[PDB]
Number of protein chains: 2
Amino acid sequence: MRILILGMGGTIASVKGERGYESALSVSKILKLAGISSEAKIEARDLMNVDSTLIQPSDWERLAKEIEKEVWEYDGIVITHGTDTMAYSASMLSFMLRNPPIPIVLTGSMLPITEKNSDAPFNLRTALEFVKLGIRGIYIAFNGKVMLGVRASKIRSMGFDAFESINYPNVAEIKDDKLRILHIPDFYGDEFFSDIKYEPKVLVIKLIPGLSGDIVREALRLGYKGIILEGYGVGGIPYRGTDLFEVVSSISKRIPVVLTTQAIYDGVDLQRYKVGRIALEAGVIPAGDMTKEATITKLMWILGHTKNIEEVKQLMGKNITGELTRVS
Amino acid sequence: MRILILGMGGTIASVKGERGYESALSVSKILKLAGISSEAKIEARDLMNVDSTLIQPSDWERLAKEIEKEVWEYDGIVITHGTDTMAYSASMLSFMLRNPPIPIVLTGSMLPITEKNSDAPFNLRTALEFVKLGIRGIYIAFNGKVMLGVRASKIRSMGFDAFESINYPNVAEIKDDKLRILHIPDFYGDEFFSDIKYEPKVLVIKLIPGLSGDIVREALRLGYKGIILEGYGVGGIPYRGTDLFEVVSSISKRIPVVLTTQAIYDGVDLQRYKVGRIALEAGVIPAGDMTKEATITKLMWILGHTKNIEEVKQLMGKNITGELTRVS
């Protein structure tokens with residue numbers, strides 16, 4: 001059982017210096033500060049050590065090339081990462097590494113492994129334990145659950161139960177103290193391959209009452225390649241007392257304008273409301289039931305090779321790697 | 001027991017037609033179609049019938065002036081409204097009409113009343129039952145629970161349990177088919193204050209990896225009077241490989257720059273991490289544990305009264321009407 005563990009940094013590797021926690025520790029250190037004696041062939045490697053909120057798109061490319069070269073070398077990979085953008089990393093890796101031959105699992109903790117009442121060891125233990133199950137794909141393991149990477153979302157900013165599988169079932173869960181596989185995500189084909197590319201300049205804006213289209217017109221001028229509007233619920237772009245809908249109608253013919261929802265659960269459905277149909281007709285691309293992190297990283301990923309609106313729309317609505325549920 | 005029911009619109013006043021749901025029913029008809037007991041005690045009044053997602057800030061002025069003039073003539077007020085912006089309306093109303101003398105409850109439904117299994121009659125009955133309990137304040141009644149308006153947030157775009165009281169407990173809940181009060185908010189004062197003034201032009205931007213401050217400088221140039229950055233976890237502004245921190249450092253001195261979190265539970269804590277402390281140093285205002293809706297609406301309300309930064313900072317940090325929790 002050859003396991004490779006890559007560190008990216010994160011709360012899990014920090015310590016309360018002068019101005020709050022700051023990522024500090026090596027992967028070998030952390031590794032030992034836990035039940036590393038659960039002897040299986042292991043090996044640590046520090047790719048980086050940053051507070052998660054500093055992670056940028058390039059770091060995902062760096063991490064993906066790394067994994068790519070090693071997918072044949074080990075039986076499974078574990079990545080320690082900061083919780084803040086972990087869902088973004090997991091999602092982007094899922095688009096870049098198609099048909100992974102081995103389980104890749106991202107994990108971290110809410111408190112430094114260097115404290116007590118720390119979730120870090122439990123999380124690492126769950127992550128190692130899952131790779132022994134030989135269930136390939138890209139997942140996140142946290143608080144006793146293993147979730148498909150592109151369906152996971154961080155919904156709590158402080159509690160140990162920080163992640164959730166959104167609109168899709170957990171892959172594994174602790175049952176009577178032992179990981180139990182609840183279901184095996186079967187998207188994965190045979191031939192593995194990397195599709196490492198992306199356009200990072202996209203803008204996410206929350207719709208609020210009275211929002212004008214001015215900020216959308218100007219994002220185009222500033223060079224943004226895609227715009228995601230985080231809407232109210234099931235779907236609709238306001239046109240009452242605002243020029244937002246008028247502005248979206250034409251910007252949507254120049255760069256992809258995606259509509260997702262503020263609500264954590266259920267996704268969007270532009271067929272539900274008449275206001276939603278009108279938006280669909282104006283060129284807006286629905287995000288289905290995808291998590292916010294997979295929507296953002298999938299658009300960046302798609303813009304990595306095309307600027308054609310109809311092709312962006314077709315790819316956004318296609319289930320690439322388990323991120324999206326068959327729409328009616 | 002004199003109850004006024006004001007209609008604003010929403011899914012509850014709509015009917016699923018050949019184009020999806022759309023406005024169509026007045027308050028009287030919703031009550032008749034819901035089979036609600038009678039109208040000799042209940043006064044039904046339409047203020048407007050606007051489709052779900054189309055509510056604009058000036059509608060709140062109209063609603064607040066109506067309420068203000070009727071709080072001393074009825075024992076309770078129920079407002080039928082769209083779910084998409086209901087929490088913004090409950091929140092804004094709470095800042096505009098402090099210390100109301102009677103219970104004001106907003107309700108709606110996920111399914112039009114003419115659809116099978118509609119939640120509309122149940123939500124309506126719940127609101128009317130809460131109004132007779134004579135517990136003053138502004139609330140949202142939904143799926144058998146009554147929650148403090150300023151603490152409610154819409155977390156589902158389709159499920160019946162669409163609203164949840166965030167970082168604060170339910171005020172009432174159905175138990176043995178009866179509405180039992182779980183706790184009475186007690187931060188109301190003696191005088192009914194009416195402050196119907198606000199600045200609507202604020203902007204909400206989610207923070208994502210790679211995001212530049214260029215869009216933030218552009219928002220100031222466009223006339224935005226405040227900006228909310230939806231951060232990653234407990235709070236922080238990415239200053240690595242991006243000029244976002246640099247731009248926020250200058251912008252925060254001219255207009256308020258508020259930091260909330262993408263997470264829905266636990267809120268912001270700007271002292272926890274190094275990144276968080278640099279943000280505070282940079283002039284960013286923490287939203288604490290407030291709901292996104294309360295945060296947006298309160299910022300708008302404060303800007304209708306002062307443009308002075310430290311002053312805006314004091315008010316955002318002050319618990320005005322139960323929207324936020326102590327030691328911050």
# chains A, B, ... in the order shown; residues from 1 in each chain; ligands from 1
>>> closest_atom_pairs(of="chain A", to="chain B", cutoff="8 Å", atoms="only C-alpha atoms", output="Markdown table")
| residue | atom | partner | partner_atom | distance |
| --- | --- | --- | --- | --- |
| A:19 | CA | B:274 | CA | 5.1 |
| A:20 | CA | B:273 | CA | 4.3 |
| A:21 | CA | B:273 | CA | 4.9 |
| A:22 | CA | B:274 | CA | 6.0 |
| A:53 | CA | B:238 | CA | 5.8 |
| A:54 | CA | B:238 | CA | 5.1 |
| A:55 | CA | B:209 | CA | 6.2 |
| A:56 | CA | B:209 | CA | 4.7 |
| A:57 | CA | B:209 | CA | 6.0 |
| A:84 | CA | B:232 | CA | 5.3 |
| A:85 | CA | B:232 | CA | 7.0 |
| A:154 | CA | B:263 | CA | 6.2 |
| A:155 | CA | B:263 | CA | 4.4 |
| A:156 | CA | B:265 | CA | 4.7 |
| A:157 | CA | B:233 | CA | 4.7 |
| A:158 | CA | B:266 | CA | 5.9 |
| A:159 | CA | B:266 | CA | 7.6 |
| A:200 | CA | B:210 | CA | 6.7 |
| A:201 | CA | B:211 | CA | 7.3 |
| A:202 | CA | B:211 | CA | 7.9 |
| A:203 | CA | B:211 | CA | 7.7 |
| A:204 | CA | B:206 | CA | 5.6 |
| A:205 | CA | B:205 | CA | 4.8 |
| A:206 | CA | B:204 | CA | 5.5 |
| A:207 | CA | B:204 | CA | 7.8 |
| A:208 | CA | B:204 | CA | 7.9 |
| A:209 | CA | B:56 | CA | 4.9 |
| A:210 | CA | B:56 | CA | 5.0 |
| A:211 | CA | B:201 | CA | 7.3 |
| A:214 | CA | B:222 | CA | 7.5 |
| A:215 | CA | B:219 | CA | 6.7 |
| A:218 | CA | B:218 | CA | 7.6 |
| A:219 | CA | B:215 | CA | 6.7 |
| A:222 | CA | B:215 | CA | 7.5 |
| A:232 | CA | B:84 | CA | 5.0 |
| A:233 | CA | B:157 | CA | 4.4 |
| A:234 | CA | B:157 | CA | 5.1 |
| A:236 | CA | B:53 | CA | 6.4 |
| A:237 | CA | B:53 | CA | 7.3 |
| A:238 | CA | B:54 | CA | 5.3 |
| A:239 | CA | B:54 | CA | 7.1 |
| A:240 | CA | B:54 | CA | 5.8 |
| A:241 | CA | B:56 | CA | 6.9 |
| A:261 | CA | B:157 | CA | 7.7 |
| A:262 | CA | B:155 | CA | 7.7 |
| A:263 | CA | B:155 | CA | 4.5 |
| A:264 | CA | B:155 | CA | 5.2 |
| A:265 | CA | B:156 | CA | 4.6 |
| A:266 | CA | B:157 | CA | 5.6 |
| A:267 | CA | B:157 | CA | 6.5 |
| A:268 | CA | B:157 | CA | 7.2 |
| A:271 | CA | B:20 | CA | 6.3 |
| A:272 | CA | B:20 | CA | 5.2 |
| A:273 | CA | B:21 | CA | 4.7 |
| A:274 | CA | B:20 | CA | 4.7 |
| A:275 | CA | B:51 | CA | 7.7 |
| A:277 | CA | B:19 | CA | 7.4 |
>>> residues_around(residues="residue 217 of chain B", least_positions_apart="4", cutoff="8 Å", atoms="only C-alpha atoms", output="list in words")
residues 213, 221, 247 and 251 of chain B
>>> write_last_selection(atoms="N, CA and C atoms", output="compact mmCIF listing (two decimals), in the first residue's frame")
# COMPACT_ATOMS: atom_id res chain seq x y z
N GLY B 213 -8.30 43.44 -7.59
CA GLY B 213 -9.03 44.55 -7.03
C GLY B 213 -9.50 45.48 -8.12
N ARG B 221 -15.56 53.92 -8.78
CA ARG B 221 -15.66 54.86 -9.88
C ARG B 221 -17.08 54.94 -10.34
N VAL B 247 -5.74 47.21 -3.34
CA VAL B 247 -6.82 48.07 -3.74
C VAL B 247 -7.79 48.27 -2.58
N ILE B 251 -9.37 51.81 -1.07
CA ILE B 251 -10.83 51.98 -1.22
C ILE B 251 -11.56 52.08 0.13
>>> closest_residue(among="B:227, B:15, B:220, B:106", to="residue 295 of chain B", atoms="only C-alpha atoms")
B:227
>>> atom_distance(atom1="atom CA of residue 305 of chain A", atom2="atom CA of residue 70 of chain A")
25.2 Å
>>> calpha_fit_and_write(fixed="chain A", moving="chain B", output="CSV table (one decimal) with C-alpha atoms, in the first residue's frame")
chain,number,residue,atom,x,y,z
B,1,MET,CA,-0.2,-0.2,-0.1
B,2,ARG,CA,1.9,2.8,-1.2
B,3,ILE,CA,0.4,6.1,-0.2
B,4,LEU,CA,1.7,9.6,-1.1
B,5,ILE,CA,0.8,12.6,1.1
B,6,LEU,CA,1.3,16.0,-0.5
B,7,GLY,CA,1.1,19.1,1.6
B,8,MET,CA,-0.4,22.4,0.2
B,9,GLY,CA,-0.7,24.3,3.5
B,10,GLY,CA,-3.8,25.4,5.5
B,11,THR,CA,-4.9,25.4,9.1
B,12,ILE,CA,-3.7,21.8,9.4
B,13,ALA,CA,-0.1,22.9,8.8
B,14,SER,CA,-0.4,25.9,11.1
B,15,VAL,CA,0.1,26.8,14.7
B,16,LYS,CA,-1.7,29.4,16.7
B,17,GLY,CA,0.9,32.0,17.4
B,18,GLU,CA,0.9,35.6,18.7
B,19,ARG,CA,-0.8,36.7,15.5
B,20,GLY,CA,-3.5,34.1,15.0
B,21,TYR,CA,-3.0,30.9,13.1
B,22,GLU,CA,-0.2,30.9,10.5
B,23,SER,CA,1.8,28.3,8.3
B,24,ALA,CA,4.5,26.5,10.2
B,25,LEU,CA,4.6,22.7,9.8
B,26,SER,CA,5.7,20.4,7.0
B,27,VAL,CA,3.7,17.2,6.1
B,28,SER,CA,6.1,14.9,8.1
B,29,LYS,CA,5.6,16.9,11.2
B,30,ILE,CA,1.9,17.0,10.9
B,31,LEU,CA,2.0,13.2,10.6
B,32,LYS,CA,4.3,12.9,13.5
B,33,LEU,CA,2.3,15.3,15.6
B,34,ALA,CA,-0.9,13.5,14.7
B,35,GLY,CA,0.6,10.2,15.9
B,36,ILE,CA,-0.1,8.6,12.5
B,37,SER,CA,1.0,4.9,12.6
B,38,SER,CA,4.2,5.1,10.5
B,39,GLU,CA,6.0,6.2,7.3
B,40,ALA,CA,7.1,2.9,5.8
B,41,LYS,CA,4.3,2.8,3.1
B,42,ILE,CA,3.6,6.5,3.4
B,43,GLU,CA,5.6,9.0,1.5
B,44,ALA,CA,5.3,12.6,2.8
B,45,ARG,CA,6.0,15.4,0.4
B,46,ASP,CA,5.6,19.2,0.7
B,47,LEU,CA,4.6,21.0,-2.5
B,48,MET,CA,4.0,24.2,-0.6
B,49,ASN,CA,2.7,25.6,2.7
B,50,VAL,CA,0.4,28.4,2.0
B,51,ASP,CA,-1.8,30.1,4.6
B,52,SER,CA,-5.5,29.5,4.6
B,53,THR,CA,-7.3,31.7,2.0
B,54,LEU,CA,-4.1,32.3,-0.2
B,55,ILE,CA,-4.3,29.5,-2.8
B,56,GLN,CA,-4.3,30.9,-6.4
B,57,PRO,CA,-5.2,29.1,-9.7
B,58,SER,CA,-1.6,28.4,-10.7
B,59,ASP,CA,-1.1,26.3,-7.5
B,60,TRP,CA,-3.7,24.0,-9.1
B,61,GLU,CA,-1.4,23.6,-12.1
B,62,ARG,CA,1.5,22.6,-9.8
B,63,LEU,CA,-0.7,20.2,-7.9
B,64,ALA,CA,-2.2,18.6,-11.0
B,65,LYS,CA,1.2,18.0,-12.6
B,66,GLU,CA,2.5,16.3,-9.5
B,67,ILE,CA,-0.5,14.1,-9.3
B,68,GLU,CA,-0.4,13.3,-12.9
B,69,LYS,CA,3.1,12.1,-12.6
B,70,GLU,CA,2.5,9.9,-9.5
B,71,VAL,CA,-0.9,8.2,-10.2
B,72,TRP,CA,0.8,5.1,-11.6
B,73,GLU,CA,3.4,4.8,-8.8
B,74,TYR,CA,1.1,5.0,-5.7
B,75,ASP,CA,-2.2,3.3,-4.7
B,76,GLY,CA,-3.6,6.4,-3.2
B,77,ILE,CA,-2.8,10.1,-2.7
B,78,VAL,CA,-3.8,12.2,0.2
B,79,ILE,CA,-3.5,16.0,0.0
B,80,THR,CA,-3.4,18.2,3.1
B,81,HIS,CA,-5.0,21.6,2.4
B,82,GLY,CA,-6.6,24.7,3.7
B,83,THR,CA,-10.4,24.4,4.2
B,84,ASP,CA,-11.3,27.9,2.7
B,85,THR,CA,-10.5,26.8,-0.9
B,86,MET,CA,-10.3,23.0,-0.6
B,87,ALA,CA,-13.6,22.5,-2.5
B,88,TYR,CA,-12.2,24.7,-5.4
B,89,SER,CA,-9.1,22.6,-5.5
B,90,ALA,CA,-11.0,19.3,-5.4
B,91,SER,CA,-13.3,20.6,-8.2
B,92,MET,CA,-10.6,22.0,-10.5
B,93,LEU,CA,-8.6,18.9,-10.1
B,94,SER,CA,-11.5,16.7,-11.1
B,95,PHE,CA,-11.9,18.6,-14.4
B,96,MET,CA,-8.2,18.6,-15.0
B,97,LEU,CA,-7.5,14.9,-14.3
B,98,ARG,CA,-10.5,12.9,-15.5
B,99,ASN,CA,-10.9,9.2,-14.8
B,100,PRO,CA,-8.0,9.0,-12.2
B,101,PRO,CA,-6.9,5.4,-11.6
B,102,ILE,CA,-6.5,5.7,-7.8
B,103,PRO,CA,-8.3,7.5,-4.9
B,104,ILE,CA,-7.1,11.0,-4.5
B,105,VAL,CA,-8.4,12.6,-1.2
B,106,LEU,CA,-8.2,16.1,0.1
B,107,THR,CA,-8.4,16.8,3.8
B,108,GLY,CA,-7.5,19.4,6.4
B,109,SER,CA,-8.9,20.6,9.8
B,110,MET,CA,-10.7,23.5,11.5
B,111,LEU,CA,-8.2,23.5,14.3
B,112,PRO,CA,-4.4,23.3,14.1
B,113,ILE,CA,-3.0,20.0,15.4
B,114,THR,CA,-1.5,21.7,18.4
B,115,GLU,CA,-4.8,22.9,19.7
B,116,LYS,CA,-6.8,20.9,22.2
B,117,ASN,CA,-9.6,18.8,20.7
B,118,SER,CA,-8.1,19.2,17.2
B,119,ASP,CA,-10.0,17.4,14.4
B,120,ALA,CA,-6.7,17.1,12.4
B,121,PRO,CA,-5.7,13.6,13.4
B,122,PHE,CA,-9.2,12.2,13.0
B,123,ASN,CA,-9.6,13.7,9.5
B,124,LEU,CA,-6.1,12.4,8.5
B,125,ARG,CA,-7.0,8.9,9.8
B,126,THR,CA,-10.2,9.0,7.8
B,127,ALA,CA,-8.5,10.0,4.6
B,128,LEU,CA,-5.9,7.2,5.0
B,129,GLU,CA,-8.6,4.6,5.8
B,130,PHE,CA,-10.6,5.7,2.6
B,131,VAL,CA,-7.5,5.4,0.4
B,132,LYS,CA,-7.0,1.8,1.3
B,133,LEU,CA,-10.6,1.0,0.1
B,134,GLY,CA,-9.3,1.4,-3.5
B,135,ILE,CA,-12.3,3.4,-4.8
B,136,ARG,CA,-11.0,5.7,-7.5
B,137,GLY,CA,-11.8,9.4,-8.0
B,138,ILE,CA,-11.3,12.8,-6.3
B,139,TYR,CA,-12.7,13.2,-2.8
B,140,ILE,CA,-12.8,15.4,0.3
B,141,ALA,CA,-12.6,13.5,3.6
B,142,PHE,CA,-13.9,15.6,6.6
B,143,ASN,CA,-15.5,14.9,10.1
B,144,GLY,CA,-15.9,11.2,9.4
B,145,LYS,CA,-17.5,11.4,5.9
B,146,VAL,CA,-15.9,11.1,2.4
B,147,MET,CA,-17.6,13.1,-0.3
B,148,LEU,CA,-17.1,13.4,-4.1
B,149,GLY,CA,-14.8,16.4,-4.6
B,150,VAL,CA,-17.0,18.2,-7.1
B,151,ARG,CA,-20.1,17.9,-4.9
B,152,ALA,CA,-18.6,19.2,-1.7
B,153,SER,CA,-19.1,22.6,-0.3
B,154,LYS,CA,-17.9,24.4,2.9
B,155,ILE,CA,-20.9,25.4,4.9
B,156,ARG,CA,-19.4,26.3,8.3
B,157,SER,CA,-16.5,28.6,9.0
B,158,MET,CA,-15.8,27.2,12.4
B,159,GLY,CA,-17.7,24.1,13.2
B,160,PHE,CA,-16.0,20.7,12.8
B,161,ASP,CA,-18.8,19.5,10.4
B,162,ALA,CA,-17.6,22.1,7.9
B,163,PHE,CA,-18.2,20.3,4.6
B,164,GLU,CA,-21.4,18.9,3.2
B,165,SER,CA,-22.1,16.9,0.0
B,166,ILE,CA,-24.7,19.1,-1.8
B,167,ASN,CA,-27.6,17.5,-3.8
B,168,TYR,CA,-25.7,14.2,-3.9
B,169,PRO,CA,-25.0,11.5,-1.3
B,170,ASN,CA,-21.9,10.8,0.9
B,171,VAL,CA,-19.5,8.2,-0.6
B,172,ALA,CA,-18.4,6.9,2.8
B,173,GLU,CA,-19.1,7.4,6.5
B,174,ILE,CA,-17.8,6.2,9.8
B,175,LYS,CA,-20.1,3.5,11.3
B,176,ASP,CA,-19.0,1.6,14.4
B,177,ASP,CA,-15.7,3.3,14.3
B,178,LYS,CA,-15.1,1.9,10.8
B,179,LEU,CA,-15.4,3.6,7.4
B,180,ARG,CA,-18.3,2.0,5.5
B,181,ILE,CA,-18.8,2.7,1.9
B,182,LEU,CA,-22.3,3.9,1.0
B,183,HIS,CA,-22.0,4.0,-2.7
B,184,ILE,CA,-19.5,4.0,-5.5
B,185,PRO,CA,-19.5,6.8,-8.1
B,186,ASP,CA,-19.6,5.1,-11.5
B,187,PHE,CA,-19.2,7.7,-14.1
B,188,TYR,CA,-15.5,7.1,-14.7
B,189,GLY,CA,-14.3,6.0,-18.0
B,190,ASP,CA,-11.2,4.0,-19.1
B,191,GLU,CA,-8.7,6.6,-20.1
B,192,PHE,CA,-6.9,8.9,-17.7
B,193,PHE,CA,-7.3,12.3,-19.3
B,194,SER,CA,-5.0,15.1,-18.4
B,195,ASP,CA,-6.3,18.6,-19.3
B,196,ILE,CA,-4.4,21.2,-17.2
B,197,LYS,CA,-5.5,24.4,-18.9
B,198,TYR,CA,-8.1,27.0,-17.7
B,199,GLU,CA,-9.0,30.7,-17.8
B,200,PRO,CA,-8.9,32.1,-14.3
B,201,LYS,CA,-10.4,35.5,-14.9
B,202,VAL,CA,-14.1,35.1,-14.2
B,203,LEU,CA,-16.2,37.2,-11.8
B,204,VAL,CA,-18.9,36.2,-9.3
B,205,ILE,CA,-21.5,38.9,-8.3
B,206,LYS,CA,-24.4,38.3,-5.9
B,207,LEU,CA,-27.7,39.7,-7.1
B,208,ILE,CA,-29.3,42.1,-4.6
B,209,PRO,CA,-32.3,44.4,-4.8
B,210,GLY,CA,-31.5,47.5,-6.8
B,211,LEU,CA,-28.3,46.1,-8.4
B,212,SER,CA,-27.4,47.8,-11.8
B,213,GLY,CA,-25.8,46.2,-14.8
B,214,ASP,CA,-23.2,49.0,-14.8
B,215,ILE,CA,-20.7,46.8,-12.8
B,216,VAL,CA,-21.4,44.0,-15.3
B,217,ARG,CA,-20.5,46.2,-18.3
B,218,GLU,CA,-17.5,47.3,-16.4
B,219,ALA,CA,-16.3,43.7,-15.8
B,220,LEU,CA,-16.3,43.0,-19.6
B,221,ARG,CA,-14.4,46.2,-20.2
B,222,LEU,CA,-11.8,45.0,-17.6
B,223,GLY,CA,-11.1,41.8,-19.3
B,224,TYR,CA,-13.3,39.3,-17.4
B,225,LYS,CA,-13.9,36.2,-19.6
B,226,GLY,CA,-17.0,35.1,-17.9
B,227,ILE,CA,-19.5,36.1,-15.2
B,228,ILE,CA,-21.5,34.3,-12.6
B,229,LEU,CA,-24.5,35.9,-11.1
B,230,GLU,CA,-25.5,34.4,-7.8
B,231,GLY,CA,-29.2,34.6,-8.1
B,232,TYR,CA,-32.1,34.5,-5.5
B,233,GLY,CA,-33.9,31.1,-5.6
B,234,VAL,CA,-34.6,28.8,-8.5
B,235,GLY,CA,-33.2,31.5,-10.8
B,236,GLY,CA,-34.0,34.8,-12.5
B,237,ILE,CA,-32.6,38.2,-13.4
B,238,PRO,CA,-34.4,41.3,-12.0
B,239,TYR,CA,-35.5,43.6,-14.9
B,240,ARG,CA,-37.6,46.0,-12.9
B,241,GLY,CA,-36.4,49.5,-12.1
B,242,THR,CA,-32.9,48.3,-13.0
B,243,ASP,CA,-30.9,48.1,-16.2
B,244,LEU,CA,-29.3,44.8,-15.1
B,245,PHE,CA,-31.4,42.6,-17.5
B,246,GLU,CA,-30.7,45.0,-20.4
B,247,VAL,CA,-27.0,44.9,-19.8
B,248,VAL,CA,-26.9,41.1,-19.3
B,249,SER,CA,-28.8,40.7,-22.6
B,250,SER,CA,-25.9,42.3,-24.6
B,251,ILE,CA,-23.0,41.0,-22.4
B,252,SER,CA,-24.2,37.4,-22.6
B,253,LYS,CA,-23.5,37.4,-26.3
B,254,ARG,CA,-19.9,38.3,-26.0
B,255,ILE,CA,-18.9,36.2,-22.8
B,256,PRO,CA,-20.8,33.6,-20.9
B,257,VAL,CA,-23.1,34.8,-18.2
B,258,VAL,CA,-23.9,32.0,-15.8
B,259,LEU,CA,-26.7,32.0,-13.3
B,260,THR,CA,-26.4,30.1,-10.0
B,261,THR,CA,-28.4,30.6,-6.8
B,262,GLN,CA,-27.7,32.2,-3.3
B,263,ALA,CA,-29.4,29.1,-1.9
B,264,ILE,CA,-27.1,26.3,-1.0
B,265,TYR,CA,-29.5,23.3,-1.7
B,266,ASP,CA,-31.6,22.3,-4.8
B,267,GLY,CA,-30.0,24.6,-7.3
B,268,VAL,CA,-31.3,26.5,-10.3
B,269,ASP,CA,-34.4,25.8,-12.4
B,270,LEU,CA,-34.8,28.4,-15.2
B,271,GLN,CA,-38.1,27.1,-16.5
B,272,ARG,CA,-40.0,27.5,-13.3
B,273,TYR,CA,-40.7,31.2,-13.4
B,274,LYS,CA,-41.4,33.8,-15.9
B,275,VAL,CA,-38.4,35.7,-14.7
B,276,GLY,CA,-36.4,32.5,-15.2
B,277,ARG,CA,-37.5,32.1,-18.8
B,278,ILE,CA,-36.8,35.6,-19.8
B,279,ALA,CA,-33.3,35.0,-18.4
B,280,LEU,CA,-32.8,32.0,-20.6
B,281,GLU,CA,-34.1,34.0,-23.5
B,282,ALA,CA,-31.5,36.6,-22.7
B,283,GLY,CA,-28.7,34.1,-23.2
B,284,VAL,CA,-28.0,33.1,-19.5
B,285,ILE,CA,-26.5,29.7,-18.8
B,286,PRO,CA,-28.1,27.7,-15.9
B,287,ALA,CA,-25.7,26.1,-13.4
B,288,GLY,CA,-28.3,23.4,-12.6
B,289,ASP,CA,-27.7,21.8,-9.2
B,290,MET,CA,-23.9,22.2,-9.1
B,291,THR,CA,-22.0,23.5,-6.1
B,292,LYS,CA,-20.8,27.1,-6.4
B,293,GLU,CA,-17.2,25.8,-6.3
B,294,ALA,CA,-17.8,23.3,-9.1
B,295,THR,CA,-19.5,26.0,-11.1
B,296,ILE,CA,-16.8,28.5,-10.8
B,297,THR,CA,-14.0,26.1,-11.4
B,298,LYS,CA,-15.8,24.4,-14.4
B,299,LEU,CA,-16.5,27.7,-16.1
B,300,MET,CA,-12.7,28.6,-15.7
B,301,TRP,CA,-11.8,25.2,-17.1
B,302,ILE,CA,-14.1,25.5,-20.1
B,303,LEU,CA,-12.8,28.9,-20.9
B,304,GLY,CA,-9.4,27.5,-21.0
B,305,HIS,CA,-10.6,25.5,-24.0
B,306,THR,CA,-13.2,27.6,-25.9
B,307,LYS,CA,-14.6,31.1,-25.9
B,308,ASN,CA,-17.6,30.1,-28.1
B,309,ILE,CA,-20.8,30.8,-26.2
B,310,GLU,CA,-23.1,28.0,-27.3
B,311,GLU,CA,-20.1,25.7,-26.9
B,312,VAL,CA,-19.6,27.0,-23.3
B,313,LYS,CA,-23.3,26.4,-22.9
B,314,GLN,CA,-23.1,22.8,-24.0
B,315,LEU,CA,-20.2,22.0,-21.8
B,316,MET,CA,-21.8,23.7,-18.7
B,317,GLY,CA,-24.8,21.6,-19.3
B,318,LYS,CA,-22.8,18.4,-19.8
B,319,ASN,CA,-22.1,16.1,-16.8
B,320,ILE,CA,-18.3,15.9,-17.1
B,321,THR,CA,-17.3,14.2,-14.0
B,322,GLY,CA,-20.3,13.7,-11.7
B,323,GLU,CA,-20.6,17.4,-10.8
B,324,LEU,CA,-24.2,17.7,-12.1
B,325,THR,CA,-27.5,15.9,-12.3
B,326,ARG,CA,-29.6,14.9,-15.3
B,327,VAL,CA,-32.3,16.5,-17.4
B,328,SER,CA,-30.3,19.6,-17.8
>>> decode(residues="segment 8-30 of chain A", atoms="C-alpha atoms", output="PDB file, in the first residue's frame")
ATOM      1  CA  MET A   8      -0.313  22.614   0.569  1.00  0.00           C
ATOM      2  CA  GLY A   9      -0.300  24.192   4.001  1.00  0.00           C
ATOM      3  CA  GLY A  10      -3.471  25.169   5.833  1.00  0.00           C
ATOM      4  CA  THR A  11      -4.901  25.612   9.295  1.00  0.00           C
ATOM      5  CA  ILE A  12      -3.781  22.048   9.806  1.00  0.00           C
ATOM      6  CA  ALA A  13      -0.181  23.142   9.601  1.00  0.00           C
ATOM      7  CA  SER A  14      -0.351  26.392  11.531  1.00  0.00           C
ATOM      8  CA  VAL A  15       0.445  27.748  14.988  1.00  0.00           C
ATOM      9  CA  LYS A  16      -0.877  30.878  16.802  1.00  0.00           C
ATOM     10  CA  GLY A  17       2.045  33.195  16.202  1.00  0.00           C
ATOM     11  CA  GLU A  18       1.930  36.908  16.918  1.00  0.00           C
ATOM     12  CA  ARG A  19      -1.068  37.841  14.770  1.00  0.00           C
ATOM     13  CA  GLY A  20      -3.226  34.714  14.713  1.00  0.00           C
ATOM     14  CA  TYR A  21      -2.582  31.330  13.139  1.00  0.00           C
ATOM     15  CA  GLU A  22      -0.189  31.254  10.218  1.00  0.00           C
ATOM     16  CA  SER A  23       0.657  28.147   8.270  1.00  0.00           C
ATOM     17  CA  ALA A  24       4.024  26.861   9.493  1.00  0.00           C
ATOM     18  CA  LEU A  25       4.578  23.103   9.765  1.00  0.00           C
ATOM     19  CA  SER A  26       5.959  20.380   7.428  1.00  0.00           C
ATOM     20  CA  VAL A  27       3.940  17.328   6.223  1.00  0.00           C
ATOM     21  CA  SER A  28       6.281  14.910   8.011  1.00  0.00           C
ATOM     22  CA  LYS A  29       5.774  16.774  11.267  1.00  0.00           C
ATOM     23  CA  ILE A  30       1.970  16.766  10.927  1.00  0.00           C
TER      24      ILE A  30
END
